[PDB]
């Protein structure tokens, strides 16, 4: 086969509206700020935008705790703004993907308000209410965001389930009336001409019959137990049959907690579930499975073996998204590259090259196109994220981990690293806001901003632009098959992308010294498609490359 679609060949950009552009001085990005910057995105070469949740929310989890699914978040604007965003993107031939958060609602959602009003309320079993055991929680389930996954309610004396914050009660998908209400809600958004849906933690919808305790072992890897719900594929396939297949959309599945060998069932096109896999294997390759804020050393051989495994898993019938950072992870150049002033731009370009030459839909997270870095967090109160406060409570306040060792890690791992405001220019607060930004701007905005880069042909921005253009022009870079030349090489990452006789080579030097790299077999260069940081010229039929430190390139190979 090889079944091309607009979503397989799109280059997506992810906008985290809270941090993109504030147009009214309250310190918080808003819909008008996205609208006002569409020409900037269009100039980058972006096809499609995925926005993080835009709905009415008290913001315990920055939009992921939704109090009304049919209303715009007060901080982002009005319904008129949203409809104008859709319409201005349509004018520019850009498609919008929205974030669908239906594993749970805010505890202020009308459904929960009613549900918690008493056992006899019609909405009682829109959520999960269970009696305690021996004066304790129903079972030993922990929450991703701190403490127990069960919260006691005084009125009724029962506990309600929350995998995420106390303010995110989990919806009861086993109740057909819940599923039918959530479908009605999707059609409301789909009817406005939205072109994609990203399903937040899509794999936790089905809860485990009778809530048994997790074993000591399971407590150290509990996400995977929450994804074992026996009806998860029935529910996703049902939502496909009753809603998704009735519209013309691309659907992404965020499979948090799903082992890779179980991912294909969500994305195999024959199964009629979802289109695009968001996996965690690569982006958190170096994260501890138990203490999930903690990181460890990783090597290039480990990284490339994951890329290849994730590629093979999707195989012929599935499809991958490919991203190196987003609003839940550290910035790619700091995490996967070298963010020191001598290497930052070279590494950012190398990782852009890697990103834009995967057999996957690439997602470019806001500010990565400038080479934005992690933020120098000092003290615990410099962080905002509910998640980091939950880890601090579980691990530091219980005395299990010294505060300083915890900070050493979360400085490198915290989601807030991606959430500092987008650095537009060199002006006060990087031009993000006229007032006080909700989260401090990185002081490196003076060196790293869009205004310094958009007209500089050597910039990280224009290198991304050139790579998008190249990807659009060379079908092997989207659909071609992927072969790693040496999964055990810890210095030079080299792989081929092949469609029939059209064969391309991507080479990235991960070392900060010169690497000579002789090609294997009979491979030789036909053309240089692009390089960054090269010094030696590549001629026809070369079988060797002298790679500068952090050099990256794409080459066409002779047939």
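Residue numbers count along the first chain shown, from 1.
- Comparing 119 to 127 with 403 to 411, the higher mean C-alpha B-factor in the PDB entry belongs to 119 to 127.
- Between the stretches 213 to 221 and 381 to 389, it is 213 to 221 that shows the larger average CA temperature factor.
- Residue set 347, 364, 101, 73: peak C-alpha B-factor at 73 (per PDB entry).
- Looking at 175, 355, 444, 418, the one whose CA carries the top B-factor in the deposited record is 175.
- Among the modelled residues of its chain, residue 14 has a C-alpha B-factor that falls in the lowest third according to the deposited record.
- Compared with the other modelled residues of the chain, the Cα B-factor recorded for residue 155 ranks in the highest third.
- For residue 169, the recorded CA temperature factor ranks within the middle third of the chain's modelled residues.
- When the modelled residues of the chain are ordered by C-alpha B-factor, residue 132 sits in the highest third.
- When the modelled residues of the chain are ordered by C-alpha B-factor, residue 60 sits in the middle third.
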